[PDB]
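Input: a single structure, listed below in structure tokens.
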Amino acid sequence: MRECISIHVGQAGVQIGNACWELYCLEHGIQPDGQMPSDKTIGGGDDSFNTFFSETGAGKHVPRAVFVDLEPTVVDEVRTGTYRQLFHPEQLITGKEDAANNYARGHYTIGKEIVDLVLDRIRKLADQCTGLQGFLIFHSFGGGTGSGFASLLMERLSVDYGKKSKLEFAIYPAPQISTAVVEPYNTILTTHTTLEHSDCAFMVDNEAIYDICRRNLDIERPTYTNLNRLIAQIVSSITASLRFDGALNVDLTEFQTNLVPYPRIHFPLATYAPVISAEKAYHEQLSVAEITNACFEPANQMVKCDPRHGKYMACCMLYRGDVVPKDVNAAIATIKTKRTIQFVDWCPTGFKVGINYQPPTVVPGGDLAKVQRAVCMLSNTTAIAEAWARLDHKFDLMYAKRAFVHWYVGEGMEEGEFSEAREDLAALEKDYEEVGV
Amino acid sequence: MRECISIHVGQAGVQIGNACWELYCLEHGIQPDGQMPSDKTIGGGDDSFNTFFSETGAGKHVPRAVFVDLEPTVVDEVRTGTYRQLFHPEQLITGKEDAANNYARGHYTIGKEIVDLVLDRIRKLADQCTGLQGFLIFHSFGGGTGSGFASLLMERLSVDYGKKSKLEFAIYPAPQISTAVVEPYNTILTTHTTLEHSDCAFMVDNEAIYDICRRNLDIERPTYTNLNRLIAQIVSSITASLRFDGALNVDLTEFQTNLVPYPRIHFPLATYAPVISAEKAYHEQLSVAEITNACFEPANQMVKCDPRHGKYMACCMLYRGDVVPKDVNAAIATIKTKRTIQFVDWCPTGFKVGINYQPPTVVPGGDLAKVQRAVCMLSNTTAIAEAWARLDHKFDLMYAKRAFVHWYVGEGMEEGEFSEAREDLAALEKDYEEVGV
Amino acid sequence: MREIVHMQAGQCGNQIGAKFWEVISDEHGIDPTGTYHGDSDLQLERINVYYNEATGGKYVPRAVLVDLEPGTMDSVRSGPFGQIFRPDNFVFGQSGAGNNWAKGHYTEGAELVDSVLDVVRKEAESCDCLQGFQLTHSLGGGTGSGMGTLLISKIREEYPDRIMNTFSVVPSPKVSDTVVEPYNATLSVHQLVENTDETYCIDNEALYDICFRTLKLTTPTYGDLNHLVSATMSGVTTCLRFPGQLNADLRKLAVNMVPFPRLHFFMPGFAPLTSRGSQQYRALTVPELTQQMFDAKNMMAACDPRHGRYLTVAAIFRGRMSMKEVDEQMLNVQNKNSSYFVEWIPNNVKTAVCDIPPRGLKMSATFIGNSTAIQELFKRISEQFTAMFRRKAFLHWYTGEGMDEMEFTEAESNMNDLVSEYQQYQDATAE
Amino acid sequence: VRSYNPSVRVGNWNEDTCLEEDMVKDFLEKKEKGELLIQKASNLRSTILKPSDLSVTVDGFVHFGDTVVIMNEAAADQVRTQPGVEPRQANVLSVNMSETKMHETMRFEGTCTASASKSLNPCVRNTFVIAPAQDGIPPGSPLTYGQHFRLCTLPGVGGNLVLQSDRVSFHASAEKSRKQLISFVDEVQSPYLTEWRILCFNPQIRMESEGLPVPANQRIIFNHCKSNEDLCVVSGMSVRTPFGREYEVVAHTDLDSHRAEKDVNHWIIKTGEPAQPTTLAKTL
Amino acid sequence: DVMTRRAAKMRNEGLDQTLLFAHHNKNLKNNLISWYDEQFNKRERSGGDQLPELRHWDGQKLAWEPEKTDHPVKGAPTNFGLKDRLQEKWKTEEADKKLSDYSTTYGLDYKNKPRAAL
Ligand SMILES: Nc1nc2c(ncn2[C@@H]2O[C@H](COP(=O)(O)OP(=O)(O)OP(=O)(O)O)[C@@H](O)[C@H]2O)c(=O)[nH]1
Ligand SMILES: Nc1nc2c(ncn2[C@@H]2O[C@H](COP(=O)(O)OP(=O)(O)OP(=O)(O)O)[C@@H](O)[C@H]2O)c(=O)[nH]1
Ligand SMILES: Nc1nc2c(ncn2[C@@H]2O[C@H](COP(=O)(O)OP(=O)(O)O)[C@@H](O)[C@H]2O)c(=O)[nH]1
Ligand SMILES: [Mg+2]
Ligand SMILES: [Mg+2]
């Protein structure tokens, strides 16, 4: 009934979805070949899979996913890996040349011959879908396919579908850690062209998950696999209300109407809490107040910025597991009595609370531990303006003497779009300070 | 004693008669082997089967049916199935080649080689009778094996017999969906010449039964078997007064004198209630008043023709079950006090009421629930003139440039029959207009 | 007990006929030795329609095999399912067709027609309720074109009441394989249009396009192209051989599909088609099948129906499905692309449902289409014909094997008149 | 433009690998349920071509119940008179059928038809058992001249096939060189058609030798009885065999200029030599 | 060489009726059942494909699940008995032309009747 279409754009999005669909397969109990092995005769119906899996003919459940990338070897790793006979081969759309960390190359030349094919696949999935809820778009703001083609996808999806929700599970560049050099260019050119074609842009910082996985999950050497598994846990916690039944619930529209106060302000930071290994978990007594304070802890945010230099507008508050509503209410009362957590004066009531009874399934061979309670925080703080201003400063530093602009110009992009993106991000940050004050 | 002969001609007639004789065997407790199950005892008091079944010696009940088909396709299934030892082998009269949707082929060439045999079989089944009431002729207006051979058969039957009633159950085409392309040609050339040799021709429409099954039975994708079972329930509700005792009974002789005002307007519509399923019958209250209003609802007519665009001329009330005539009269008064159901000024009276004591039967693996009461409209009204107008519009659209006429002409049919058929349908439209005004 | 005598003349006709007999032998449970090893008794009840009873449980197909060379006929006798044919109906010549309609129609092919007609007469009076004849030919060679069309003419003269099916591999704008395809196509369609009850024009370019786009299939060769034609030929005649809720035989299809007598050129199709990587991800259902039927890329003729207008459509659904779903699907498509249908014919779709689906598929469907857009094919053949005939190119073979140029002129004028008829029955409104 | 191996991930490799996977799935299905032609042929080679121990005579005469092998000598003129056809080599009468009754049921089942294989090796397909026909004849008794017997195969793999002939009627004749057919049957329709006798070499001492015991390793004549025809190799043309190309044994009384049996009429009974029961016994 | 010719011939022969046109499974045995057989000949279910008569409600399709038109009968194929009758005829044909039959029409037809026939 309620289904979501997941579009994974770029190498980062494809790898995040590679962790994700493994987690969804484990959660809904389907084998990597697409079969349900339960067959419990008297029971075993379990219609909860009809949110991210589509029932085909011979008992095979295919995901509602489009793994799109302009460059091979990563979707080829998907096609040759253990999740081979799970995805539709026509949902693994690939090009021939990457954008090569160039927003102009991913938005103006290489993305044109493949946007029609990915739109046709999206239309086919929507036609099979009965009661579509929204799109979950996993990409990175760093550059290349995940910038230009993602922005192009938002443009055509807002042209075609319109009112449907479009969530952006974006990967955001760190204050200090940066792989690409033209990451400020690609990030701001993504922000300018997806600022009006999105509904909730959850950015996620790699440095913050690095700190979380080192401090909490006591791992000395984390790779991208742990980061993508934690983001899979984020998206599973968000969509658990749609998938499983339970207590007071939210859908995507319930979710976005409480987290987007102003039309330009749709940028909620994500936070997950259980983040505990087995050794630290068995010497712990995880309860609703403890894990709510764990979410409100400034060292648990998935974007590297302290929320003390900012004011919370709204918080969507997803509890999951052995959760009692009055324990939730007492916890939220305690944080509202805490003076250090600062809410904005025009939002006296700011907690979109939702409880589910299905605790998360930890991936075997992973890093987390099995728990009975879980919190997901999605908070629209006025602290992400510091991140926007620091990338604005980086863009001004690069664009002061026109470094790396000749690639865009000779590829087919004007400097007027650079200036327009600069002015739009300045408008966005002054809008944030005007609403926050 | 109240004996009747059923001739099922055409593919649709054979399938409908298959369902009808299944229902009759279940009603009278006759096994598919043609024998009573030997635990009846009684002592011969329950002779309420002789209208449909003979008794050949040891207890083999041979039905009074003639199954006619020019193709050996759907009668061979009867000859080879579990009903093989129920029918007399030459009551399942079979041709060699089908008439190929061709009125001329079914009326002149392939019609005039088996017509002697089918009249011989009808003669044998008619002089093996002691008070025959009439002929129930089940056919479709599709063409050839159906409408064409039924036309030739009734042309010979009116000459052979006399004042015996010949009721027709005709599958009329839908406004939108139909199988054949030469369907308007076959329907016009059949309603030209069976309009003079018939007595009362019920119209049943496949699109109407599809909408009935979608809305009330909640089956989104019914096959022809469900339609045949519903038609069998209609015919059983018609002929239950000839079999089972009731408060007041109606006969086939009573029937035409109640629903044919003038001999050219012998075209009634059939409607049934309740057609609700077993998952809603036990929760919805099912009594006389609301089943009569369900019948008189425009979205229940089994013809795909709204009676709101016409005037009711006569109606046949058929109740079966634990139905009291006081509630019958109360329901009829509530019908007559409604301004939407508009009667005609020259008929201030008219609701032919029959009440039967036997409750409707249920078939294993069927669609309808075990209800304790049911009601059938058999109504004559001016609404069907719209269907005639649509049919003549289709006929003129095809005949304006002589489409498909060469098959009929070269099969041995003169071209002026099309023009005289269009004259006859124009006269039928004008007669319906002057009756309605 | 309606009877079809299958005939194939030429190399391509023999190949597609051998594939047809394979695809119907594993439908009816016939082993390569010819016996009946099936166990479902629904198969062994209409087996007479294409086979003939012999001693034991053996069933010999009712096929007439014609070729003017002891080559590919020996190849199809030595291939798989080649031990089922009687050796009597392997009449072949010891000459060459020459890719020459004159050589096939007025010389050494013509003195083989006596033996061919004796075999056809024996196989036709061995029946009791003969429905008709089904010739599969090449239309661009010399044995399929000339000998096939003369056999059509002789059989139509002898039995001018039975149903004449002709599966013709009409030449393409692309590809080649013969320089005198316009001559062998015009001179054959000139006799097809007056001697055939219904013609299915299959095109090798469209078959290659299907192999490209719905089956990927880097190296399909002629085996897959003949397998699709075999599947279509099996799906057209399935109501004669298996029961169903809504049957339609070849005469029903002809009556419901051919408005005017010289308008019997169709575009067949078959649409439970998907690639091997998507065979276990595609769900067999009536809307999906109907969408692939009415998709313009699944035509087995190179003509694109979007530039023309459908006059009549036939649709035969093998398998167990729901008639409301089928009827409302055709209502939906006829409401949607209503500009692709002629206004003067309401309800341009003839529906048939057969109970038994083919091997592997739970639900299959075949498509027959009579449209204006087939006139582009004959216009192309006319343009190539008037390009060569204006300069007498390759004409001395035809006129020295024994003919006249008046036959060439008559064929060109007749096929141009057929083009004019198709064009006039396109944009003529109702009122 | 350029094409690579499907292991190289450049072109149509995904559904090429899918098609190869489906073909491999079908191949493993036939491998596990045993309809592969390789496995059928290997089973045929293992079960048919198995050495069979022959019977070693003591007095040199043929006795009833002996196994023995029917052989024929090569042509006396082995010198190549004309280049082309090879002169007839030494060969052994054997049992034949084409493909299907070899492939399934593993055994010689029914009507077979015989042939002459060049493999001079005792084997299941080419050893027999001399058996009586009139009953009451004790086993181990001499076969003698003019005395009817039946040539039957072993009761193991083969199912006791009995030699049989027919006429030159137009329903059953040799596949090449239209003549009398030599078959191996299992049901035995009529007992007289499944019956054979042995005539001596010199056609003057024949009447006096009728009754004398038959010697093993010299040339004798196999005469039917019902049709009075003698066994022949009939070289110059061969019949198809799964184990090669073999000559076509035909019953035909072939006569030379002095009305006597030709080179292909003199078959020899080969026992086991008294050193080990396999191999041949050498002529005398 | 005499190998590339055979390889090219078998390549041009072309795939199979199971490598092409076959979806999900490659079996014809389970689909040889007719609507008349599964409706008027009863043909009760067996095994896992036993549809309940409850016909409860679904939310994922907004319709009642157990469609009898979508879940037809699976199992043994449709059989009448004329296969066995024709098999008896084929065994009679094989028992014919057996050389030593030599049986006359009088001997076949005029035999010793059973005692209960008197
Ligand atoms: N969380 C997470 N981030 C990743 C992962 N892989 C890459 N990234 C992010 O991606 C950024 C680099 O740009 P990409 O997203 O790889 O570029 P692209 O979208 O694939 O487009 P191209 O330039 O054509 O490669 C880095 O800054 C990383 O933060 C991953 O596995 N997990
Ligand atoms: N309600 C219902 N209608 C049917 C059934 N079978 C066929 N029809 C209708 O009959 C029309 C065509 O006539 P057919 O019954 O198919 O064939 P026919 O009447 O025997 O005439 P021929 O085609 O010459 O054989 C179609 O348009 C169908 O709507 C059935 O089982 N139930
Ligand atoms: N589909 C298909 N087409 C074929 C086959 N063989 C030949 N053709 C086509 O037939 C045309 C030539 O016809 P041909 O067979 O030579 O006619 P013939 O010489 O009279 O037998 C060529 O254009 C080929 O494309 C085949 O096996 N399958
Ligand atoms: Mg990349
Ligand atoms: Mg019919």
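Letters A, B, ... go to the chains of the structure tokens in the order shown; residues in each chain start at 1; ligands are counted from 1 in the same order.
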Self-check item: Selection within 8 Å of ligand 5 by only C-alpha atoms and all ligand atoms, output as a PyMOL selection string
Solution: (chain B and resi 10-12+69-71+73-74+98-100+145-146) or (chain C and resi 246-248)
Hey, can you spit out that residue selection with N, CA and C atoms as a PDB file, in the first residue's frame?
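Dumped everything to result02.pdb:
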```pdb
ATOM      1  N   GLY B  10     -25.403 -22.189 -29.718  1.00  0.00           N
ATOM      2  CA  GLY B  10     -24.232 -21.338 -29.735  1.00  0.00           C
ATOM      3  C   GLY B  10     -23.278 -21.666 -28.600  1.00  0.00           C
ATOM      4  N   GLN B  11     -22.086 -21.067 -28.676  1.00  0.00           N
ATOM      5  CA  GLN B  11     -21.082 -21.264 -27.633  1.00  0.00           C
ATOM      6  C   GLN B  11     -21.548 -20.688 -26.302  1.00  0.00           C
ATOM      7  N   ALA B  12     -22.060 -19.453 -26.329  1.00  0.00           N
ATOM      8  CA  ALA B  12     -22.573 -18.825 -25.118  1.00  0.00           C
ATOM      9  C   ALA B  12     -23.758 -19.597 -24.562  1.00  0.00           C
ATOM     10  N   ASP B  69     -24.390 -26.958 -31.320  1.00  0.00           N
ATOM     11  CA  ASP B  69     -23.160 -26.230 -31.590  1.00  0.00           C
ATOM     12  C   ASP B  69     -22.619 -26.684 -32.936  1.00  0.00           C
ATOM     13  N   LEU B  70     -22.388 -25.728 -33.836  1.00  0.00           N
ATOM     14  CA  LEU B  70     -21.818 -26.041 -35.139  1.00  0.00           C
ATOM     15  C   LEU B  70     -20.333 -26.361 -35.057  1.00  0.00           C
ATOM     16  N   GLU B  71     -19.651 -25.919 -34.000  1.00  0.00           N
ATOM     17  CA  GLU B  71     -18.276 -26.341 -33.830  1.00  0.00           C
ATOM     18  C   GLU B  71     -18.188 -27.421 -32.758  1.00  0.00           C
ATOM     19  N   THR B  73     -16.232 -27.865 -30.164  1.00  0.00           N
ATOM     20  CA  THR B  73     -15.258 -27.399 -29.185  1.00  0.00           C
ATOM     21  C   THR B  73     -15.792 -27.373 -27.763  1.00  0.00           C
ATOM     22  N   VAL B  74     -16.904 -26.675 -27.508  1.00  0.00           N
ATOM     23  CA  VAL B  74     -17.391 -26.542 -26.136  1.00  0.00           C
ATOM     24  C   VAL B  74     -18.430 -27.589 -25.771  1.00  0.00           C
ATOM     25  N   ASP B  98     -17.665 -24.388 -37.557  1.00  0.00           N
ATOM     26  CA  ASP B  98     -18.395 -23.246 -37.034  1.00  0.00           C
ATOM     27  C   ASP B  98     -18.823 -22.307 -38.159  1.00  0.00           C
ATOM     28  N   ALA B  99     -19.792 -21.451 -37.848  1.00  0.00           N
ATOM     29  CA  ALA B  99     -20.355 -20.565 -38.857  1.00  0.00           C
ATOM     30  C   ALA B  99     -19.560 -19.280 -39.037  1.00  0.00           C
ATOM     31  N   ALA B 100     -18.493 -19.088 -38.257  1.00  0.00           N
ATOM     32  CA  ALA B 100     -17.480 -18.050 -38.482  1.00  0.00           C
ATOM     33  C   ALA B 100     -18.047 -16.634 -38.383  1.00  0.00           C
ATOM     34  N   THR B 145     -23.390 -19.473 -35.316  1.00  0.00           N
ATOM     35  CA  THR B 145     -23.781 -20.573 -34.441  1.00  0.00           C
ATOM     36  C   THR B 145     -24.766 -20.116 -33.373  1.00  0.00           C
ATOM     37  N   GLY B 146     -24.748 -18.833 -33.045  1.00  0.00           N
ATOM     38  CA  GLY B 146     -25.617 -18.276 -32.037  1.00  0.00           C
ATOM     39  C   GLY B 146     -26.845 -17.699 -32.698  1.00  0.00           C
TER      40      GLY B 146
ATOM     41  N   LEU C 246     -13.581 -18.778 -25.276  1.00  0.00           N
ATOM     42  CA  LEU C 246     -13.957 -17.959 -26.430  1.00  0.00           C
ATOM     43  C   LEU C 246     -13.062 -18.376 -27.596  1.00  0.00           C
ATOM     44  N   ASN C 247     -13.531 -19.344 -28.378  1.00  0.00           N
ATOM     45  CA  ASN C 247     -12.749 -19.862 -29.487  1.00  0.00           C
ATOM     46  C   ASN C 247     -12.835 -18.936 -30.694  1.00  0.00           C
ATOM     47  N   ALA C 248     -11.838 -19.054 -31.571  1.00  0.00           N
ATOM     48  CA  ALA C 248     -11.859 -18.376 -32.866  1.00  0.00           C
ATOM     49  C   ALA C 248     -10.917 -19.121 -33.800  1.00  0.00           C
TER      50      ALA C 248
END
```
Quiz item: Which residues of chain B are close to chain E, meaning at most 9 Å apart when you count only C-alpha atoms, and how do they look as a ChimeraX atom specification?
Solution: /B:18-19,22,77-78,80-83,218-223,225,278-279,364-365
Expected file contents, prior selection, N, CA, C and O atoms, as a tab-separated table (two decimals), in the first residue's frame:
```tsv
chain	number	residue	atom	x	y	z
B	18	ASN	N	-24.67	-25.20	-19.50
B	18	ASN	CA	-23.83	-25.99	-18.61
B	18	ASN	C	-24.00	-25.55	-17.16
B	18	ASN	O	-24.26	-26.37	-16.27
B	19	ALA	N	-23.88	-24.24	-16.93
B	19	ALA	CA	-24.08	-23.71	-15.58
B	19	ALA	C	-25.51	-23.93	-15.10
B	19	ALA	O	-25.74	-24.26	-13.92
B	22	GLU	N	-26.01	-27.58	-14.14
B	22	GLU	CA	-25.34	-27.79	-12.86
B	22	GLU	C	-26.22	-27.30	-11.71
B	22	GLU	O	-26.42	-28.01	-10.71
B	77	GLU	N	-16.35	-30.86	-24.41
B	77	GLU	CA	-16.04	-30.83	-22.99
B	77	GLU	C	-17.18	-31.41	-22.16
B	77	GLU	O	-16.94	-32.14	-21.19
B	78	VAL	N	-18.42	-31.11	-22.54
B	78	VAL	CA	-19.58	-31.72	-21.90
B	78	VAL	C	-19.60	-33.23	-22.16
B	78	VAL	O	-19.87	-34.03	-21.25
B	80	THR	N	-17.16	-35.20	-22.65
B	80	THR	CA	-16.05	-35.91	-22.02
B	80	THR	C	-15.92	-35.67	-20.52
B	80	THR	O	-15.12	-36.36	-19.87
B	81	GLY	N	-16.66	-34.73	-19.95
B	81	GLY	CA	-16.54	-34.40	-18.54
B	81	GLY	C	-17.33	-35.33	-17.65
B	81	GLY	O	-17.67	-36.46	-18.01
B	82	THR	N	-17.63	-34.84	-16.44
B	82	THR	CA	-18.40	-35.61	-15.48
B	82	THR	C	-19.90	-35.58	-15.76
B	82	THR	O	-20.64	-36.35	-15.15
B	83	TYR	N	-20.35	-34.72	-16.68
B	83	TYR	CA	-21.74	-34.71	-17.12
B	83	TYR	C	-21.95	-35.58	-18.35
B	83	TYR	O	-22.99	-35.46	-19.01
B	218	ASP	N	-17.59	-8.13	-5.54
B	218	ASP	CA	-16.22	-7.69	-5.31
B	218	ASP	C	-15.18	-8.51	-6.05
B	218	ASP	O	-14.00	-8.45	-5.70
B	219	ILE	N	-15.57	-9.27	-7.07
B	219	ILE	CA	-14.60	-9.97	-7.90
B	219	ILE	C	-14.15	-9.02	-9.00
B	219	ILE	O	-14.94	-8.64	-9.87
B	220	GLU	N	-12.88	-8.62	-8.96
B	220	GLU	CA	-12.39	-7.63	-9.91
B	220	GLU	C	-12.20	-8.21	-11.30
B	220	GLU	O	-12.26	-7.47	-12.29
B	221	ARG	N	-11.98	-9.51	-11.41
B	221	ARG	CA	-11.68	-10.16	-12.69
B	221	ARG	C	-12.47	-11.46	-12.86
B	221	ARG	O	-11.89	-12.55	-12.84
B	222	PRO	N	-13.78	-11.38	-13.05
B	222	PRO	CA	-14.56	-12.61	-13.25
B	222	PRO	C	-14.42	-13.15	-14.66
B	222	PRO	O	-14.24	-12.41	-15.63
B	223	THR	N	-14.51	-14.48	-14.76
B	223	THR	CA	-14.57	-15.17	-16.04
B	223	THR	C	-16.02	-15.30	-16.48
B	223	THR	O	-16.94	-14.82	-15.82
B	225	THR	N	-17.70	-17.98	-16.36
B	225	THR	CA	-18.42	-18.94	-15.53
B	225	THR	C	-19.25	-18.25	-14.46
B	225	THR	O	-20.36	-18.68	-14.16
B	278	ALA	N	-20.44	-13.68	0.46
B	278	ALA	CA	-20.56	-14.27	1.78
B	278	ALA	C	-19.86	-13.46	2.86
B	278	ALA	O	-20.15	-13.63	4.04
B	279	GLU	N	-18.93	-12.58	2.48
B	279	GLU	CA	-18.20	-11.77	3.44
B	279	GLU	C	-18.95	-10.52	3.85
B	279	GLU	O	-18.55	-9.86	4.81
B	364	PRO	N	-21.33	-25.24	-4.89
B	364	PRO	CA	-19.99	-25.30	-4.28
B	364	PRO	C	-18.96	-24.61	-5.17
B	364	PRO	O	-18.98	-24.76	-6.39
B	365	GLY	N	-18.06	-23.87	-4.53
B	365	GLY	CA	-17.11	-23.06	-5.27
B	365	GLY	C	-17.75	-21.95	-6.08
B	365	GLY	O	-17.25	-21.62	-7.16
```
Exercise. Using only C-alpha atoms and all ligand atoms, find each protein or nucleic acid residue lying at most 9 Å from ligand 2; present the set as a VMD selection string.
Key: (chain B and resid 9 to 16 69 to 71 97 to 103 105 to 106 139 to 149 171 to 174 177 to 180 183 204 to 207 209 223 to 228 231) or (chain C and resid 245 to 248 252 351 to 352)
Quiz item: In terms of the shortest atom-to-atom distance over only C-alpha atoms and all ligand atoms, which of E:113, E:47, E:12, E:4 is closest to ligand 3?
Solution: E:12
Practice problem: For residue 9 (chain C), work out the shell of residues within 7 Å, counting only C-alpha atoms and skipping chain neighbours fewer than 4 positions away, then give it as a PyMOL selection string. | Solution: chain C and resi 13-14+65-67+136-137+143-144+148
Self-check item: Environment of ligand 3 within 8 Å, counting only C-alpha atoms and all ligand atoms, reported as a PyMOL selection string
Solution: chain C and resi 9-16+67-68+97-99+137-146+169+171+175-178+181+203-204+207+222-223+225-226+229
What's around region 17-28 of chain C at 9 Å? Count only C-alpha atoms, leave out sequence neighbours fewer than 4 positions away in its own chain, and write the answer as a compact mmCIF listing (two decimals) with C-alpha atoms, in the first residue's frame.
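So selection-v7.txt came out as:
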```
# COMPACT_ATOMS: atom_id res chain seq x y z
CA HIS C 6 0.47 -27.37 -44.04
CA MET C 7 2.70 -26.70 -47.04
CA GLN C 8 6.11 -25.11 -47.34
CA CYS C 12 13.17 -20.45 -45.83
CA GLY C 13 9.74 -22.08 -45.95
CA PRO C 32 11.10 -37.41 -32.57
CA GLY C 34 6.59 -39.89 -34.09
CA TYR C 36 2.56 -40.12 -28.66
CA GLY C 38 2.28 -37.36 -23.68
CA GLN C 43 -3.59 -33.12 -26.09
CA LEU C 44 -4.75 -36.33 -27.79
CA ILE C 47 -4.30 -34.15 -32.81
CA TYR C 50 -2.19 -31.20 -37.96
CA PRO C 61 2.30 -34.50 -39.91
CA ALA C 63 2.79 -31.34 -44.46
CA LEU C 65 7.39 -30.17 -48.58
CA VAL C 76 15.40 -30.68 -42.50
CA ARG C 77 14.87 -34.42 -43.00
CA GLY C 79 17.64 -32.49 -38.45
CA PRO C 80 15.74 -32.96 -35.22
CA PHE C 81 12.04 -33.86 -35.50
CA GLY C 82 12.71 -34.85 -39.10
CA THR C 136 4.76 -20.77 -45.62
CA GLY C 223 17.00 -20.40 -35.51
CA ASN C 226 12.23 -19.08 -37.28
CA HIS C 227 11.25 -19.90 -33.68
CA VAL C 229 7.45 -17.38 -36.60
CA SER C 230 6.74 -20.92 -35.39
CA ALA C 231 5.34 -19.55 -32.13
CA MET C 233 1.84 -19.88 -36.37
CA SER C 234 1.11 -22.10 -33.37
CA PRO C 358 2.45 -22.95 -24.76
CA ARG C 359 5.52 -24.56 -23.17
CA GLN E 17 12.43 -23.85 -27.13
CA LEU E 28 4.14 -27.86 -19.87
```
I need the chain D residues near chain E as a tab-separated table (two decimals) with C-alpha atoms, in the first residue's frame; criterion: at most 8 Å, counting only C-alpha atoms.
```
chain	number	residue	atom	x	y	z
D	19	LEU	CA	22.22	-17.42	-21.11
D	22	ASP	CA	20.76	-21.32	-18.18
D	23	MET	CA	22.56	-23.65	-20.61
D	189	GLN	CA	6.76	-65.92	-33.39
D	190	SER	CA	7.10	-69.25	-35.20
```
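The part of chain C that reaches within 7 Å of chain E is made up of residues 40, 41, 42, 44, 56, 57, 220, 221, 222, 223, 224, 273, 279, 280, 321, 322, 355, 356, 357, 359, 360, 361 and 362 of chain C, counting only C-alpha atoms.
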Practice problem: Tell me, as a PyMOL selection string, which residues lie within 8 Å of region 43-50 of chain D, counting only C-alpha atoms; anything in the same chain fewer than 3 positions away does not count. | Solution: chain D and resi 39-40+102-103+106+123-125+157
Quiz item: Do you know which residues are at most 10 Å from residue 66 (chain D) counting only C-alpha atoms, after dropping those on the same chain fewer than 6 positions away, and could you put them as a PyMOL selection string?
Solution: chain D and resi 54-57+128-131+139-143+271
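When CA of residue 173 (chain D) is paired with CA of residue 239 (chain D), their separation reads 13.3 Å.
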Practice problem: Could you tell me, as JSON, numbers by chain, which residues of region 189-390 of chain C DSSP assigns to strand (DSSP E) when given the backbone? | Solution: {"C": [198, 199, 200, 201, 202, 265, 266, 267, 268, 269, 270, 310, 311, 312, 313, 314, 315, 316, 317, 318, 319, 349, 350, 351, 352, 353, 354, 363, 364, 365, 366, 367, 368, 369, 370, 371]}
Quiz prompt | Selection near region 354-359 of chain B, 6 Å with only C-alpha atoms, sequence-local residues under 3 positions removed, as a PyMOL selection string | solution = chain B and resi 246-250+318-321+372
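With distances restricted to only C-alpha atoms, C:73 is the closest residue to residue 92 (chain C) from C:155, C:315, C:201, C:73.
Distance criterion 9 Å to chain D, applied with only C-alpha atoms, yields residues 216, 217, 218, 275, 276, 277 and 278 of chain C on chain C.
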